[PDB]
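Residue numbers (the authors' numbering), protein chains in the order written: chain A, 7 to 272, 279 to 288; chain A', 7 to 272, 279 to 288. A prime marks a further copy of an entry chain. The beta carbon of each residue, even a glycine, is placed where N, CA and C say it ideally should be. Accompanying notes for the structure given below.
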């Protein structure tokens, strides 16, 4: 063990409950990492379970758009989790700063998120808690990759849908989850459309200080494209938001499908093969 | 023991019943501390219990905005409590001096208090006796941190609400406590809103030389924003005072939530994740 033996600890990048993230360097190589240090002694059973969940999953996943969990050390009373070093902050604090994005900037950004997602989805991993406070920018540099994080809710599924409990973030929840129907991968895609909408204008498709109504609207599929903002927005951008924001999850588009839309790439289109 | 062996005692910073606070220096290091010296011989059982209460709790808590209890020595007939040295006095005597604060100055100040509070709240610690006579300014220097004190009432709680007796300070008590309902962490948040209001204008939301009426008003939620003072005050400052001064504690905002309000930080906002 002895993280201290292989890791030089630097400054603090932030903190949470029973945890602090600090910058740290590896000794022999000199590589750079964001290291999440947690109080194992002060953990609760459910907190620990989470810990073992995110841990194990992220360990499986390797991708440019996925904050890589590189290591996991246990030193007596503290558990260390070695993460990609990121320095661009959340995509949230970036959206707010610029208020909103062009269409070009949106497609690129989204395309990235679509890929990290399609990937998890190709590894039986659903994230469940997709949102801009969980999307991180490699660095301040422009074009800097967007990297997916906080898998504390992420789950492993097979080829069939089933109820996995109720968890997520208000504004991003899917119909199928609120309806308490059996759900799967498209739940994340639903959050995508939401974030897209946000990216395009800087405000949500659904909102309301009443959760009931909020939820009624979500399950209804109740959003639109208010003028004037949405006036100079193309149809190919709206149409896409539709296919993601599809209430029937069975008819909702997949990440892989969505990564084949010309508004992402750039008549005839790319059709997925069908085998029975 | 022999505090005298490790501590050079300097001048008197003030005094209370069976106690005097004097400035003192550590010998080998030379560090500076406010040292509360108490007559153990002249203590009553309830006074002692308190002593052991504040003691043990503060010992747990470490924070920039929390007067750190560094040590606790017992010398025959006197018990010493080694505290952070503070020299700015109470935030009370500062408010009175300047009468009241700008909005910027208020948010900063409050944000600090919100953090010390959120912290205790994250360590099962509720303060119960929150007020400006208990908030201390590190030094006379401007920007000097505000540090929380007098935990003589502070209590330890779990995840559930229950009656913890009736204690606090008139003008700051919460509805739930006066209603003698089962109470918890939000009781402090209620005192926050109160202090905020005060910070913004230099007079309380609730007051009355009749306690019954005073209390009737508190439980009622009976305050307002009288003109002209409150005329140049933003809505984001009032609205916030509302969410803290929420009579239904279940619907009252949390410190952590409140530390995510743009009037504190500086459309879209930061949503807390929900797991069941």
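6 Å CB neighbourhood of residue i in its chain, flanking five on each side removed
i, result
"residue 168 of chain A'", "188"
"residue 20 of chain A'", "27"
"residue 236 of chain A", "none"
"residue 106 of chain A", "207, 208"
"residue 15 of chain A'", "28, 30"
"residue 166 of chain A", "none"
"residue 247 of chain A", "199, 202, 203"
Where residue i falls, given that 16 or more other Cβ within 10 Å makes a residue buried
i, result
"residue 213 of chain A'", "exposed"
"residue 140 of chain A'", "buried"
"residue 280 of chain A", "exposed"
"residue 135 of chain A", "buried"
"residue 174 of chain A'", "buried"
"residue 57 of chain A", "buried"
"residue 42 of chain A'", "buried"
"residue 121 of chain A'", "buried"
Nonlocal neighbours in the same chain, by C-beta distance under 7 Å from residue i, ignoring five residues either side
i, result
"residue 243 of chain A'", "109, 206, 269"
"residue 151 of chain A", "70, 71, 118, 144"
"residue 124 of chain A", "261, 262, 265"
"residue 217 of chain A'", "176"
"residue 127 of chain A'", "191, 261"
"residue 221 of chain A", "184"
"residue 223 of chain A", "212, 214"
"residue 284 of chain A'", "263"
"residue 179 of chain A", "224"
"residue 98 of chain A", "138, 139"
Check whether residue i and residue j have beta carbons under 8 Å apart
i, j, result
"residue 198 of chain A", "residue 119 of chain A", "yes"
"residue 142 of chain A'", "residue 96 of chain A'", "yes"
"residue 92 of chain A", "residue 73 of chain A", "yes"
"residue 251 of chain A'", "residue 210 of chain A'", "no"
"residue 157 of chain A'", "residue 60 of chain A'", "yes"
"residue 227 of chain A", "residue 200 of chain A", "no"
"residue 131 of chain A'", "residue 162 of chain A'", "yes"
"residue 192 of chain A'", "residue 225 of chain A'", "no"
"residue 204 of chain A'", "residue 255 of chain A'", "no"
"residue 259 of chain A'", "residue 245 of chain A'", "no"
"residue 202 of chain A'", "residue 112 of chain A'", "yes"
"residue 67 of chain A'", "residue 129 of chain A'", "yes"
"residue 90 of chain A", "residue 153 of chain A", "yes"
"residue 288 of chain A'", "residue 22 of chain A", "no"
Contact set for residue i: own chain, Cβ-Cβ below 8 Å, skip 5 residues either direction
i, result
"residue 24 of chain A", "44, 45, 48, 49, 53"
"residue 80 of chain A'", "7, 46, 86"
"residue 12 of chain A'", "32, 33, 34"
"residue 240 of chain A", "109, 269"
"residue 231 of chain A'", "239, 244"
"residue 76 of chain A'", "39, 88, 89, 90"
"residue 83 of chain A'", "45, 46, 47"
Any chain A' beta carbon closer than 8 Å to residue i
i, result
"residue 209 of chain A", "yes"
"residue 172 of chain A", "yes"
"residue 123 of chain A", "no"
"residue 101 of chain A", "yes"
"residue 57 of chain A", "no"
"residue 159 of chain A", "yes"
Min CB distance residue i to chain A below 8 Å
i, result
"residue 261 of chain A'", "no"
"residue 283 of chain A'", "yes"
"residue 279 of chain A'", "yes"
"residue 248 of chain A'", "no"
"residue 286 of chain A'", "yes"
If you measure beta-carbon to beta-carbon, which residues of the stretch 175–190 of chain A are closer than 7 Å to chain A'?
Within the stretch 175–190 of chain A, the qualifying residues are 175, 176, 177.
Closer than 7 Å between beta carbons: that is the criterion. Which residues of the stretch 14–25 of chain A meet it against chain A'?
23
Listed from N- to C-terminal order along the chain, which residues in the stretch 127–154 of chain A' have their beta-carbon within a distance smaller than 8 Å of any beta-carbon of chain A?
128
Under 8 Å (Cβ pairs) to chain A', residues found in the stretch 191–225 of chain A:
Within the stretch 191–225 of chain A, the residues whose Cβ lies closer than 8 Å to any Cβ of chain A' are, in chain order, 204, 208, 209, 210.
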